[PDB]
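Single-structure report; data block below.
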Amino acid sequence: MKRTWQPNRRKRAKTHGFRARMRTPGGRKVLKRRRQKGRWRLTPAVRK
Amino acid sequence: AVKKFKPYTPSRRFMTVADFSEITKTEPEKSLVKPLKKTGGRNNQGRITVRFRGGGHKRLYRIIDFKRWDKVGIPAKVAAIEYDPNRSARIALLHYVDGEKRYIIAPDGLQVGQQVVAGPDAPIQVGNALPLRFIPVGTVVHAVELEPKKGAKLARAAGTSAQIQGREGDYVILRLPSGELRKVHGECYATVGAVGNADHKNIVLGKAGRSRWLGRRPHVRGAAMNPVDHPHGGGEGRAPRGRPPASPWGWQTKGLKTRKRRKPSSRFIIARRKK
RNA sequence: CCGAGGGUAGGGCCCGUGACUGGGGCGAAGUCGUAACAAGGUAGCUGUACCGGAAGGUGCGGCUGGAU
RNA sequence: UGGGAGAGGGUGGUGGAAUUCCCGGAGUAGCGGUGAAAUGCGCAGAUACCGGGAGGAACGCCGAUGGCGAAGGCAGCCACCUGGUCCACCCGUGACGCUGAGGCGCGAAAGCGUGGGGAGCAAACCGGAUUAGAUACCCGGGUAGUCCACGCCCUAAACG
RNA sequence: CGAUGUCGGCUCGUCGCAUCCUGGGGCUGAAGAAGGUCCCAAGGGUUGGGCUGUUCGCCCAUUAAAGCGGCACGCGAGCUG
RNA sequence: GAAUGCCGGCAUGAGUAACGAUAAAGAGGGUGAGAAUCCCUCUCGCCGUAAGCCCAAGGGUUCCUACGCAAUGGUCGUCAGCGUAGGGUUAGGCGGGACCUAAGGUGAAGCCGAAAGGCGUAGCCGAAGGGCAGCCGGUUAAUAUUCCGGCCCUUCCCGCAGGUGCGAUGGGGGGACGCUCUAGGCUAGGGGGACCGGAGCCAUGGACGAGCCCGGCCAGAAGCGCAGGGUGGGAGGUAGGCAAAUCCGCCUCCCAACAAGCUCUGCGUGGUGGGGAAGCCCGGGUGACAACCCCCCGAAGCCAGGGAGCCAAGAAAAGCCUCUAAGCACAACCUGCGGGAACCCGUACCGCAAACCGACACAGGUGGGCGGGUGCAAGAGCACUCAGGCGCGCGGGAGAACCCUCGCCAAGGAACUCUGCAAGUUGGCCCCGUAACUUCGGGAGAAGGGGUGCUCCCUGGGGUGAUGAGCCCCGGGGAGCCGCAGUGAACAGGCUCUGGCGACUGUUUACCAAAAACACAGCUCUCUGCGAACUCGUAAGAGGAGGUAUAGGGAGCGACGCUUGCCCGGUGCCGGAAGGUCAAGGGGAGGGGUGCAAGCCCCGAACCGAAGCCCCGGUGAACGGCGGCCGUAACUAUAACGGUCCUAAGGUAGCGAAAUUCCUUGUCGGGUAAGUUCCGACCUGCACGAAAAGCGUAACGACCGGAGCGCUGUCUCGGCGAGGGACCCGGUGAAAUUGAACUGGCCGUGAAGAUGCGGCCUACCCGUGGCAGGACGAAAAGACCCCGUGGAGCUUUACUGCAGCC
RNA sequence: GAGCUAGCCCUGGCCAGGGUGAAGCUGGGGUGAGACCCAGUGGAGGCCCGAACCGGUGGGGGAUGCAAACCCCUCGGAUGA
Ligand SMILES: [Mg+2]
Ligand SMILES: [Mg+2]
Ligand SMILES: [Mg+2]
Ligand SMILES: [Mg+2]
Ligand SMILES: [Mg+2]
Ligand SMILES: [Mg+2]
Ligand SMILES: [Mg+2]
Ligand SMILES: [Mg+2]
Ligand SMILES: [Mg+2]
Ligand SMILES: [Mg+2]
Ligand SMILES: [Mg+2]
Ligand SMILES: [Mg+2]
Ligand SMILES: [Mg+2]
Ligand SMILES: [Mg+2]
Ligand SMILES: [Mg+2]
Ligand SMILES: [Mg+2]
Ligand SMILES: [Mg+2]
Ligand SMILES: [Mg+2]
Ligand SMILES: [Mg+2]
Ligand SMILES: [Mg+2]
Ligand SMILES: [Mg+2]
Ligand SMILES: [Mg+2]
Ligand SMILES: [Mg+2]
Ligand SMILES: [Mg+2]
Ligand SMILES: [Mg+2]
Ligand SMILES: [Mg+2]
Ligand SMILES: [Mg+2]
Ligand SMILES: [Mg+2]
Ligand SMILES: [Mg+2]
Ligand SMILES: [Mg+2]
Ligand SMILES: [Mg+2]
Ligand SMILES: [Mg+2]
Ligand SMILES: [Mg+2]
Ligand SMILES: [Mg+2]
Ligand SMILES: [Mg+2]
Ligand SMILES: [Mg+2]
Ligand SMILES: [Mg+2]
Ligand SMILES: [Mg+2]
Ligand SMILES: [Mg+2]
Ligand SMILES: [Mg+2]
Ligand SMILES: [Mg+2]
Ligand SMILES: [Mg+2]
Ligand SMILES: [Mg+2]
Ligand SMILES: [Mg+2]
Ligand SMILES: [Mg+2]
Ligand SMILES: [Mg+2]
Ligand SMILES: [Mg+2]
Ligand SMILES: [Mg+2]
Ligand SMILES: [Mg+2]
Ligand SMILES: [Mg+2]
Ligand SMILES: [Mg+2]
Ligand SMILES: [Mg+2]
Ligand SMILES: [Mg+2]
Ligand SMILES: [Mg+2]
Ligand SMILES: [Mg+2]
Ligand SMILES: [Mg+2]
Ligand SMILES: [Mg+2]
Ligand SMILES: [Mg+2]
Ligand SMILES: [Mg+2]
Ligand SMILES: [Mg+2]
Ligand SMILES: [Mg+2]
Ligand SMILES: [Mg+2]
Ligand SMILES: [Mg+2]
Ligand SMILES: [Mg+2]
Ligand SMILES: [Mg+2]
Ligand SMILES: [Mg+2]
Ligand SMILES: [Mg+2]
Ligand SMILES: [Mg+2]
Ligand SMILES: [Mg+2]
Ligand SMILES: [Mg+2]
Ligand SMILES: [Mg+2]
Ligand SMILES: [Mg+2]
Ligand SMILES: [Mg+2]
Ligand SMILES: [Mg+2]
Ligand SMILES: [Mg+2]
Ligand SMILES: [Mg+2]
Ligand SMILES: [Mg+2]
Ligand SMILES: [Mg+2]
Ligand SMILES: [Mg+2]
Ligand SMILES: [Mg+2]
Ligand SMILES: [Mg+2]
Ligand SMILES: [Mg+2]
Ligand SMILES: [Mg+2]
Ligand SMILES: [Mg+2]
Ligand SMILES: [Mg+2]
Ligand SMILES: [Mg+2]
Ligand SMILES: [Mg+2]
Ligand SMILES: [Mg+2]
Ligand SMILES: [Mg+2]
Ligand SMILES: [Mg+2]
Ligand SMILES: [Mg+2]
Ligand SMILES: [Mg+2]
Ligand SMILES: [Mg+2]
Ligand SMILES: [Mg+2]
Ligand SMILES: [Mg+2]
Ligand SMILES: [Mg+2]
Ligand SMILES: [Mg+2]
Ligand SMILES: [Mg+2]
Ligand SMILES: [Mg+2]
Ligand SMILES: [Mg+2]
Ligand SMILES: [Mg+2]
Ligand SMILES: [Mg+2]
Ligand SMILES: [Mg+2]
Ligand SMILES: [Mg+2]
Ligand SMILES: [Mg+2]
Ligand SMILES: [Mg+2]
Ligand SMILES: [Mg+2]
Ligand SMILES: [Mg+2]
Ligand SMILES: [Mg+2]
Ligand SMILES: [Mg+2]
Ligand SMILES: [Mg+2]
Ligand SMILES: [Mg+2]
Ligand SMILES: [Mg+2]
Ligand SMILES: [Mg+2]
Ligand SMILES: [Mg+2]
Ligand SMILES: [Mg+2]
Ligand SMILES: [Mg+2]
Ligand SMILES: [Mg+2]
Ligand SMILES: [Mg+2]
Ligand SMILES: [Mg+2]
Ligand SMILES: [Mg+2]
Ligand SMILES: [Mg+2]
Ligand SMILES: [Mg+2]
Ligand SMILES: [Mg+2]
Ligand SMILES: [Mg+2]
Ligand SMILES: [Mg+2]
Ligand SMILES: [Mg+2]
Ligand SMILES: [Mg+2]
Ligand SMILES: [Mg+2]
Ligand SMILES: [Mg+2]
Ligand SMILES: [Mg+2]
Ligand SMILES: [Mg+2]
Ligand SMILES: [Mg+2]
Ligand SMILES: [Mg+2]
Ligand SMILES: [Mg+2]
Ligand SMILES: [Mg+2]
Ligand SMILES: [Mg+2]
Ligand SMILES: [Mg+2]
Ligand SMILES: [Mg+2]
Ligand SMILES: [Mg+2]
Ligand SMILES: [Mg+2]
Ligand SMILES: [Mg+2]
Ligand SMILES: [Mg+2]
Ligand SMILES: [Mg+2]
Ligand SMILES: [Mg+2]
Ligand SMILES: [Mg+2]
Ligand SMILES: [Mg+2]
Ligand SMILES: [Mg+2]
Ligand SMILES: [Mg+2]
Ligand SMILES: [Mg+2]
Ligand SMILES: [Mg+2]
Ligand SMILES: [Mg+2]
Ligand SMILES: [Mg+2]
Ligand SMILES: [Mg+2]
Ligand SMILES: [Mg+2]
Ligand SMILES: [Mg+2]
Ligand SMILES: [Mg+2]
Ligand SMILES: [Mg+2]
Ligand SMILES: [Mg+2]
Ligand SMILES: [Mg+2]
Ligand SMILES: [Mg+2]
Ligand SMILES: [Mg+2]
Ligand SMILES: [Mg+2]
Ligand SMILES: [Mg+2]
Ligand SMILES: [Mg+2]
Ligand SMILES: [Mg+2]
Ligand SMILES: [Mg+2]
Ligand SMILES: [Mg+2]
Ligand SMILES: [Mg+2]
Ligand SMILES: [Mg+2]
Ligand SMILES: [Mg+2]
Ligand SMILES: [Mg+2]
Ligand SMILES: [Mg+2]
Ligand SMILES: [Mg+2]
Ligand SMILES: [Mg+2]
Ligand SMILES: [Mg+2]
Ligand SMILES: [Mg+2]
Ligand SMILES: [Mg+2]
Ligand SMILES: [Mg+2]
Ligand SMILES: [Mg+2]
Ligand SMILES: [Mg+2]
Ligand SMILES: [Mg+2]
Ligand SMILES: [Mg+2]
Ligand SMILES: [Mg+2]
Ligand SMILES: [Mg+2]
Ligand SMILES: [Mg+2]
Ligand SMILES: [Mg+2]
Ligand SMILES: [Mg+2]
Ligand SMILES: [Mg+2]
Ligand SMILES: [Mg+2]
Ligand SMILES: [Mg+2]
Ligand SMILES: [Mg+2]
Ligand SMILES: [Mg+2]
Ligand SMILES: [Mg+2]
Ligand SMILES: [Mg+2]
Ligand SMILES: [Mg+2]
Ligand SMILES: [Mg+2]
Ligand SMILES: [Mg+2]
Ligand SMILES: [Mg+2]
Ligand SMILES: [Mg+2]
Ligand SMILES: [Mg+2]
Ligand SMILES: [Mg+2]
Ligand SMILES: [Mg+2]
Ligand SMILES: [Mg+2]
Ligand SMILES: [Mg+2]
Ligand SMILES: [Mg+2]
Ligand SMILES: [Mg+2]
Ligand SMILES: [Mg+2]
Ligand SMILES: [Mg+2]
Ligand SMILES: [Mg+2]
Ligand SMILES: [Mg+2]
Ligand SMILES: [Mg+2]
Ligand SMILES: [Mg+2]
Ligand SMILES: [Mg+2]
Ligand SMILES: [Mg+2]
Ligand SMILES: [Mg+2]
Ligand SMILES: [Mg+2]
Ligand SMILES: [Mg+2]
Ligand SMILES: [Mg+2]
Ligand SMILES: [Mg+2]
Ligand SMILES: [Mg+2]
Ligand SMILES: [Mg+2]
Ligand SMILES: [Mg+2]
Ligand SMILES: [Mg+2]
Ligand SMILES: [Mg+2]
Ligand SMILES: [Mg+2]
Ligand SMILES: [Mg+2]
Ligand SMILES: [Mg+2]
Ligand SMILES: [Mg+2]
Ligand SMILES: [Mg+2]
Ligand SMILES: [Mg+2]
Ligand SMILES: [Mg+2]
Ligand SMILES: [Mg+2]
Ligand SMILES: [Mg+2]
Ligand SMILES: [Mg+2]
Ligand SMILES: [Mg+2]
Ligand SMILES: [Mg+2]
Ligand SMILES: [Mg+2]
Ligand SMILES: [Mg+2]
Ligand SMILES: [Mg+2]
Ligand SMILES: [Mg+2]
Ligand SMILES: [Mg+2]
Ligand SMILES: [Mg+2]
Ligand SMILES: [Mg+2]
Ligand SMILES: [Mg+2]
Ligand SMILES: [Mg+2]
Ligand SMILES: [Mg+2]
Ligand SMILES: [Mg+2]
Ligand SMILES: [Mg+2]
Ligand SMILES: [Mg+2]
Ligand SMILES: [Mg+2]
Ligand SMILES: [Mg+2]
Ligand SMILES: [Mg+2]
Ligand SMILES: [Mg+2]
Ligand SMILES: [Mg+2]
Ligand SMILES: [Mg+2]
Ligand SMILES: [Mg+2]
Ligand SMILES: [Mg+2]
Ligand SMILES: [Mg+2]
Ligand SMILES: [Mg+2]
Ligand SMILES: [Mg+2]
Ligand SMILES: [Mg+2]
Ligand SMILES: [Mg+2]
Ligand SMILES: [Mg+2]
Ligand SMILES: [Mg+2]
């Protein structure tokens, strides 16, 4: 049947992307945490 | 009259449709239509705040002249009577000798070709608008303003009308469509005659589909739900109300008055509605 | 080929009969009240409507085939 | 052809008395109702009186033993549209007539449908009396209905 | 109770005997035929159907007879549900 | 040494299950160390509304070539979407951006919120919508509307010529729209040709033929032709389109009007450039100077912004045109022409799938376009087949049980079983014919029956032509032929009688329930006068609604028909300026602490003082409720009638052993040989009953009962046959589970059901195919049940708070 | 976290073929005029049959699956909520 992952690049960037995270208090804390932990990618990589 | 159907489907057996006899023109004036932003019953937070709305036929909004004292003394010709999907009344296209074009809602008995005009000096004839203080006691009237220059608010639906019952000071006394007796300021404008399409209320929708075309989505009873949903929810099998009948939000819904008691307009309302 | 008829199927009319049920007639030696005939004790009768154990009542309109 | 009388019919408008309700005043100990009563209403101010308003229904006197219509039936006043009928002239037609199974139409009240309207009255219903009892008669309440439109119903002591 | 799956049916049997039938007996209120009642006897046999989930039971048509029990009310790592 | 402990390693099950659609393979040749598995050829099979082709998403080098085979690939591997390396994606016209707006998002002004932040008309962002200029062929191993060739085209800049009051983010027009049906004329696509081109063929009995086989086109500016779309012209007046306006709107007058004209698109033609088959020969050559024509069918596509009808009444903004304002009028704009200029990103490949979503090369899921031919009435259905693509990444044997999927069956025909579950039967089209009942539509494909192929002869109408031939469509009549059988294969209702529930089409527990549940038109109650009520939010602000009582919210009931009684004492709600009770506050009789004092401070009675409650009344389609005992009639039986206790009042109409009836399989009647079910009745209704509606109701139902006809392997009662497994051989190779085991029966015993204890009996050692009685077999620290002063959801006249409201 | 799912909003798209034959319209009949009746025309509908498409009724298979919901046969809707 139809499963839960239905990839869509605009949806990915518009939801989890860097500018989305920057817009909001929780989103900025996400970035701060991810940078503090040393994540190589702060945000999901999307081809665009 | 309303149009009936032969029972060639289970739904055409009861379905009735308006005859549309008064309508002379089937396209709206392009300069007076604008898109209606459909809401689905959702507010600016995106939340349903009026339940069971949406999915109705697309409509354009015809701009309606509910002011009318905008053009005192300037007569106009009744050019057309048109269908308006946004209201129960029909609309009438006015061609002012100004060259300006406007819609008013159509009174009963209005004639394409007839002249109408607004003002203190307007004749007491169907389609004319005057301040309430210059309309004779007893004449039935519609598109009534509630305060001066704020716009017509009263007696706007199909077949409705208010009647002038007398004068008292700067106020006239109207019987509203609801039977209520209320004072309205004499400088409020009104249009002599009653609203047209009085057959409107004899329409039989006929099937669930017709309600859906109007944007009315199905209404599910509180008794059909569960306790988390509604006071009437739950019970094994069917259940009577088992408590005074309530809304989804808990307030009683068989008699409980809800008008705010200290409201300033109480000073102007003489007798609450009848029936 | 037609063809007595036999067969399959589906209709129409009539008669007999049926758990049970509706009222009708007669019987009369019963129980209940007394509706009508006298102004019959609320004048009567009436079409209809609603109602009551029962006769009947009441409403609306009508007739006199109503006493004073 | 020229006249007549008439609640004959349909539509629209419109007038006054009265009942009820609401508002304002004035005012107080009862009012109402009956054969007599009680229920009911009333000191939370009724009834009786004055003023204002709203609303429906029916039209006092004229009115009669009267008039009109085929019958059912028709009653304030005005206008419009409209039917039947009588009289005088003896002008025109030339038996064109009478009746009439079927058909078609009209058809009091009650009742029905859809929608209005709702003052008074009032089936059902509730209460009070009456009474041996009183699912009645009498009394206090009271919903359909009674009224308007449209569509049905098609009955009668629809009788002379 | 860190699980011993349950009624009834189907299938497959096997056992007990307080024996329904068939075999052998005594008593009889056993003339005969047919029964009654007790004793021996478990080798084999013990039908098809209507009703109802039913076991049971009632009924139809037969039969030599249409037995009663046990096996985790035998049998769901065999089926049904 | 144990914690169903944690991490790791390694065992058991076991050479076992399995190797992922039953579309299918065989041989020959080659390559190589090695070949069922790679390449080549021939034969065979499968898809063909796809299992072929194109596009968008998503994926991200998987594309091409060379060289490889450790791992990956369910076997193998010389092969590969794998390893290494090199190469490959070319645009003014295709898509997106340097254009527009939609929901929405953001957000000058502005509003609100402890902070963070929430709103917010304009503006801006936002597309798969609007707008906008490229078609055909060729070329690479791999890109092509991008490179090349031919023929076209757009915008910007500049210059020239001609023309005009030029000029805008401002005004106006336009853009600009639904659903269903549909005209004319075309094109795509298709079929036929005795005609045109073509390599060849003559088999095996016949045919040198009007034979077979193959092909018979594509793009194209101007002009022209055909078919359509769009649009009236002139003048005068002018107070409206938030300045102006000559534009637009409105009024009047005159020509024109279903015309033409002007304009725009489509199709045809069109200079020109292309393409071009079978067969044969080694992707290429040849065929070939290829031919490139006629007829018929024909779109759902085009002309298009076409037409008609209907109600549910069907985006915006820019590009475009027109008007004018500042301005500027040596400019500027318009038209023609010419030269110059013309950027950024995508482009490979997979794309119904082995490259995307599902951990897998996973029988699942994935939007748009093309989707040929013949026959079956039609069609995208079904059978076959073209182009194209495939045989599904383990095989070879064997011919047991058993399992799956499938075929047939004597006699019987539901006897099966909870149930005809399942499977038969029926089955398309044409004709004949068709009942109760009904809301007059239906029920209805009711039921039931007849026809169906091929040949010859005659004949009726239509389409295209031309009016005719030809072609193509729809027919009618007569006579015959064959078979067991003519929708000869595939696709394609079994039917009826009668109850319950729900009116109906719909909706639902994604993944055990599709229903009688939800919804539904419709009915009623009730709230709401507009800054409505109500809802969300602390608020601002929103929805309601750019609506206004014929409207909006809440509640119940649930088409329709006939109806919906009695009880207002309790609770609810509504009304009630009296009265009672009532908090803060007011008031301050009186009393107190302290001070030498003036004074400071504290307590405090009467009285005034809201909502609420009490109190009076109304109210049921508001919550709800709707009795008992005794007696009495010509036999018995019963009780119309009377008495009496209680109640707020004692269940009306209708229905009733019912989706409700315990006793119960009530009784009686029907159906059956037999009927705990079913249907019809009765009424002692344990415990129906009137909008949690009562009783009916045509039609409808993958709902749940009962019966019959037809037909059957459901069964008596089973037999045979088919293929995929199971079995054997070669290749690869799991699993849960597992204290260790050298693991028999009985009768006993034992924590009460023993392979393991006692006694006895039986028993050589080890496997393979099978069956499931036991190992209280496996799985999941029992869901039941209880316990825990464990949890959570829900309720209320439990407690106590809070919002909200008064 | 609404790339699954539920609802709404904006903007696009899709639904072979066949059957039934409402209103309206024209003609005719009818009447004082009508109602109405008949025929032709017409093409309505939460109409009918049936692919795509959307479903998930009954049975069977599957059950360390092809699959953490699949397969086969059968069945519901298919211009509409
Ligand atoms: Mg996942
Ligand atoms: Mg998706
Ligand atoms: Mg992805
Ligand atoms: Mg995307
Ligand atoms: Mg996107
Ligand atoms: Mg997205
Ligand atoms: Mg982002
Ligand atoms: Mg990481
Ligand atoms: Mg790094
Ligand atoms: Mg992140
Ligand atoms: Mg009208
Ligand atoms: Mg109708
Ligand atoms: Mg109709
Ligand atoms: Mg009709
Ligand atoms: Mg019907
Ligand atoms: Mg119907
Ligand atoms: Mg109409
Ligand atoms: Mg109209
Ligand atoms: Mg606009
Ligand atoms: Mg709007
Ligand atoms: Mg918003
Ligand atoms: Mg938001
Ligand atoms: Mg939010
Ligand atoms: Mg809503
Ligand atoms: Mg309208
Ligand atoms: Mg209407
Ligand atoms: Mg209605
Ligand atoms: Mg609508
Ligand atoms: Mg509703
Ligand atoms: Mg509902
Ligand atoms: Mg529920
Ligand atoms: Mg919740
Ligand atoms: Mg709660
Ligand atoms: Mg609750
Ligand atoms: Mg409840
Ligand atoms: Mg309950
Ligand atoms: Mg419930
Ligand atoms: Mg329930
Ligand atoms: Mg219950
Ligand atoms: Mg319920
Ligand atoms: Mg229910
Ligand atoms: Mg209730
Ligand atoms: Mg309850
Ligand atoms: Mg209760
Ligand atoms: Mg409230
Ligand atoms: Mg006001
Ligand atoms: Mg014979
Ligand atoms: Mg008497
Ligand atoms: Mg009398
Ligand atoms: Mg009675
Ligand atoms: Mg009685
Ligand atoms: Mg009475
Ligand atoms: Mg009379
Ligand atoms: Mg008189
Ligand atoms: Mg007289
Ligand atoms: Mg004469
Ligand atoms: Mg009458
Ligand atoms: Mg009457
Ligand atoms: Mg009446
Ligand atoms: Mg008595
Ligand atoms: Mg009544
Ligand atoms: Mg009534
Ligand atoms: Mg008389
Ligand atoms: Mg246990
Ligand atoms: Mg365990
Ligand atoms: Mg266990
Ligand atoms: Mg003897
Ligand atoms: Mg003995
Ligand atoms: Mg003995
Ligand atoms: Mg024996
Ligand atoms: Mg034995
Ligand atoms: Mg039995
Ligand atoms: Mg029993
Ligand atoms: Mg018995
Ligand atoms: Mg015998
Ligand atoms: Mg036993
Ligand atoms: Mg036991
Ligand atoms: Mg027991
Ligand atoms: Mg057992
Ligand atoms: Mg047993
Ligand atoms: Mg068992
Ligand atoms: Mg089992
Ligand atoms: Mg069992
Ligand atoms: Mg077991
Ligand atoms: Mg077992
Ligand atoms: Mg069973
Ligand atoms: Mg069960
Ligand atoms: Mg230890
Ligand atoms: Mg373990
Ligand atoms: Mg373990
Ligand atoms: Mg461990
Ligand atoms: Mg571990
Ligand atoms: Mg080992
Ligand atoms: Mg082996
Ligand atoms: Mg083994
Ligand atoms: Mg090989
Ligand atoms: Mg090899
Ligand atoms: Mg090969
Ligand atoms: Mg094939
Ligand atoms: Mg094909
Ligand atoms: Mg990937
Ligand atoms: Mg490539
Ligand atoms: Mg390898
Ligand atoms: Mg290898
Ligand atoms: Mg190797
Ligand atoms: Mg491998
Ligand atoms: Mg694999
Ligand atoms: Mg090699
Ligand atoms: Mg590979
Ligand atoms: Mg290279
Ligand atoms: Mg180019
Ligand atoms: Mg630029
Ligand atoms: Mg943009
Ligand atoms: Mg775009
Ligand atoms: Mg473009
Ligand atoms: Mg071109
Ligand atoms: Mg290339
Ligand atoms: Mg528009
Ligand atoms: Mg559009
Ligand atoms: Mg549609
Ligand atoms: Mg062409
Ligand atoms: Mg063809
Ligand atoms: Mg030869
Ligand atoms: Mg042409
Ligand atoms: Mg002007
Ligand atoms: Mg060639
Ligand atoms: Mg050549
Ligand atoms: Mg040549
Ligand atoms: Mg089409
Ligand atoms: Mg409408
Ligand atoms: Mg439009
Ligand atoms: Mg806009
Ligand atoms: Mg200037
Ligand atoms: Mg110019
Ligand atoms: Mg740039
Ligand atoms: Mg680039
Ligand atoms: Mg490319
Ligand atoms: Mg591939
Ligand atoms: Mg698929
Ligand atoms: Mg594979
Ligand atoms: Mg796959
Ligand atoms: Mg093709
Ligand atoms: Mg066929
Ligand atoms: Mg066919
Ligand atoms: Mg099909
Ligand atoms: Mg072919
Ligand atoms: Mg294969
Ligand atoms: Mg394979
Ligand atoms: Mg073998
Ligand atoms: Mg198969
Ligand atoms: Mg047989
Ligand atoms: Mg049979
Ligand atoms: Mg038979
Ligand atoms: Mg059955
Ligand atoms: Mg068939
Ligand atoms: Mg019948
Ligand atoms: Mg009929
Ligand atoms: Mg038939
Ligand atoms: Mg039938
Ligand atoms: Mg033949
Ligand atoms: Mg055959
Ligand atoms: Mg087939
Ligand atoms: Mg069929
Ligand atoms: Mg069957
Ligand atoms: Mg039947
Ligand atoms: Mg029912
Ligand atoms: Mg239903
Ligand atoms: Mg239902
Ligand atoms: Mg019904
Ligand atoms: Mg319903
Ligand atoms: Mg329904
Ligand atoms: Mg449907
Ligand atoms: Mg579930
Ligand atoms: Mg489910
Ligand atoms: Mg689940
Ligand atoms: Mg679930
Ligand atoms: Mg299931
Ligand atoms: Mg379900
Ligand atoms: Mg269903
Ligand atoms: Mg549901
Ligand atoms: Mg429901
Ligand atoms: Mg109803
Ligand atoms: Mg709300
Ligand atoms: Mg709130
Ligand atoms: Mg706001
Ligand atoms: Mg709005
Ligand atoms: Mg609003
Ligand atoms: Mg609004
Ligand atoms: Mg509104
Ligand atoms: Mg419902
Ligand atoms: Mg009826
Ligand atoms: Mg009663
Ligand atoms: Mg009460
Ligand atoms: Mg009360
Ligand atoms: Mg009372
Ligand atoms: Mg209570
Ligand atoms: Mg007083
Ligand atoms: Mg003091
Ligand atoms: Mg009522
Ligand atoms: Mg109570
Ligand atoms: Mg109640
Ligand atoms: Mg009762
Ligand atoms: Mg009973
Ligand atoms: Mg019943
Ligand atoms: Mg039930
Ligand atoms: Mg009961
Ligand atoms: Mg019981
Ligand atoms: Mg019972
Ligand atoms: Mg029982
Ligand atoms: Mg019985
Ligand atoms: Mg049964
Ligand atoms: Mg049963
Ligand atoms: Mg009884
Ligand atoms: Mg309820
Ligand atoms: Mg119920
Ligand atoms: Mg159904
Ligand atoms: Mg169903
Ligand atoms: Mg068998
Ligand atoms: Mg065979
Ligand atoms: Mg076999
Ligand atoms: Mg085989
Ligand atoms: Mg075999
Ligand atoms: Mg061997
Ligand atoms: Mg050992
Ligand atoms: Mg043991
Ligand atoms: Mg033992
Ligand atoms: Mg042992
Ligand atoms: Mg031991
Ligand atoms: Mg030992
Ligand atoms: Mg020992
Ligand atoms: Mg031992
Ligand atoms: Mg032994
Ligand atoms: Mg075993
Ligand atoms: Mg065991
Ligand atoms: Mg053991
Ligand atoms: Mg076991
Ligand atoms: Mg066991
Ligand atoms: Mg645990
Ligand atoms: Mg436990
Ligand atoms: Mg437990
Ligand atoms: Mg557990
Ligand atoms: Mg559970
Ligand atoms: Mg326990
Ligand atoms: Mg405790
Ligand atoms: Mg404790
Ligand atoms: Mg808790
Ligand atoms: Mg759209
Ligand atoms: Mg469709
Ligand atoms: Mg026709
Ligand atoms: Mg028409
Ligand atoms: Mg349909
Ligand atoms: Mg259908
Ligand atoms: Mg879906
Ligand atoms: Mg299924
Ligand atoms: Mg089946
Ligand atoms: Mg099967
Ligand atoms: Mg299974
Ligand atoms: Mg499947
Ligand atoms: Mg299937
Ligand atoms: Mg089917
Ligand atoms: Mg269908
Ligand atoms: Mg269809
Ligand atoms: Mg249809
Ligand atoms: Mg439908
Ligand atoms: Mg729609």
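Computation of the quantities below employed the complete heavy-atom set of this structure, encompassing side-chain atoms and omitting hydrogens, waters and symmetry-equivalent molecules. Quick note on labels: first sequence line is chain A, next is B, and so on, each numbered from 1.
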| Both distances under 3.5 Å and Watson-Crick or G-U wobble geometry: does that hold for F:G599 with F:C663? |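 Under the 3.5 Å cut-off on both distances, the two nucleotides are not paired.
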| Going by a 90° cut-off around 0, is C:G65 syn or anti? |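 Classified syn.
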| Under 4.0 angstrom, heavy atoms only, what part of the nucleic acid is B:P177 near: base, sugar-phosphate, or nothing? |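 Base contact - B:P177 has a heavy atom under 4.0 Å of at least one base atom.
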| said: Regarding A:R10, tell me which of base, sugar-phosphate or nothing describes its non-hydrogen contacts under 4.0 Å with the strands shown. | reply: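 Sugar-phosphate contact only - A:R10 comes under 4.0 Å of backbone atoms but never of a base.
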Whole-Å gap separating [atom2] ([N]) and [atom1] ([X]):
{"X": "B:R59", "N": "G:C9", "atom1": "CZ", "atom2": "P", "result": "12 Å"}
{"X": "B:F66", "N": "F:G546", "atom1": "CZ", "atom2": "P", "result": "12 Å"}
{"X": "B:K260", "N": "F:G531", "atom1": "NZ", "atom2": "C1'", "result": "11 Å"}

| field | Where protein sits on nucleotides 96-123 of chain F, one letter per nucleotide: B base, S sugar-phosphate only, - none, heavy atoms under 4.0 Å | value | -------SS-----------SS-SS---
| query | For every nucleotide of nucleotides 555-569 of chain F, 5' to 3': is a protein heavy atom under 4.0 Å from its base (B), only from its sugar-phosphate (S), or from neither (-)? | reply | BSBBBS---------
| said: According to salt bridge (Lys or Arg N to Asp or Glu O under 4.0 Å), who are the partners of B:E180, at least two apart in sequence or on a separate chain? | reply: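 With neighbours one apart ignored, the set is empty.
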